[PDB]
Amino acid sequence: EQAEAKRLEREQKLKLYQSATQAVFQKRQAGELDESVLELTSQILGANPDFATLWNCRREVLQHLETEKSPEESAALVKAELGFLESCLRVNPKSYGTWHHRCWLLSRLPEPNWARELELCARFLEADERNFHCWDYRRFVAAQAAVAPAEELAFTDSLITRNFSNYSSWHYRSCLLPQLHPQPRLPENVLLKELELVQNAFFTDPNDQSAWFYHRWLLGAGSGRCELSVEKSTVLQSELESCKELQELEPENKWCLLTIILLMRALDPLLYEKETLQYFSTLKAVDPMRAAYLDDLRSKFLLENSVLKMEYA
């Protein structure tokens, strides 16, 4: 009853797409680079944005028409194309072809309104904060418009605190921070502020991995243990105690256990050897799928310890 109508309509759609595709290839072979091609491809690309040859056909048409149309006619075509693209992105926001066509179009305009494109990105990131295509496009727009890293840094903070799904936003921060502090390895005052920010994040949502991955990076981005300032030493010891408190709240949370180990390494590997081994045992019991990783990590750390003990005068 209800399934045959669905089978038949989808058969009709396929016949239309095939006919329209046939028409486009025939027009192309005939050298007919005109608006009828734009009409035909619009019927196909909405549902099938990965049909790359059809995006190429649209570009050939737009290039041809630019040569023969008034500047005002050409501007009208560009605006129609921007609207078509946005309607396509709303249906399928994860198509490489659609985002590339938008990049191609914007890159050739006199002309372009980049602030409006940044807003298009903000809108799509509100819908899906993990859409890498949209983040990549945002990076493109920001480079084209010469948006300052500090501005982009303020954007990431708002996205990290307003809700979760933060891996993409933490990633962006990891790229922006070294720009605000560019060396030919973050400065400690910067690092300490980041540690504060990320620690807020993993105490708010201890289950999400993004803050824990970012934190591990931060723990390597600094001075070195033999170089710890009293402030940094004190901050890392405070973090160690806070992770132990989280361990009590969430006994199945493997991220906090791993981080306890990494903090002890950052503070004093030999002094904390006993506790490090104890934590590896607990952690392997809590996260058994990672047991081989954890054994290799422990082996690495024990070899580091041997080398440290052999340095002994």
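Note that residue numbering begins at 1 and tracks the sequence as displayed.
Deposited sequence between residue 184 and residue 185: 4 to 9 residues lack coordinates. Taking only CA atoms, the mean B-factor in the PDB entry is higher for 153-161 than for the other of 153-161 and 99-107. The deposited model assigns a higher average Cα B-factor to 219-227 than to the other stretch when 219-227 and 205-213 are compared. Taking the PDB entry at face value, the top CA B factor among 77, 85, 147, 236 belongs to 147. Among 117, 81, 126, 73, the highest C-alpha B-factor in the deposited entry belongs to 73. In the PDB entry, a CA B factor belonging to the highest third of its chain's modelled residues is recorded for residue 69. Residue 284: CA B factor lies in the lowest third for its chain, per the PDB record. Compared with the other modelled residues of the chain, the Cα B-factor recorded for residue 179 ranks in the highest third. Among the modelled residues of its chain, residue 304 has a C-alpha B-factor that falls in the middle third, as given in the PDB entry. Sort the modelled residues of the chain by CA B factor and residue 16 lands in the highest third.
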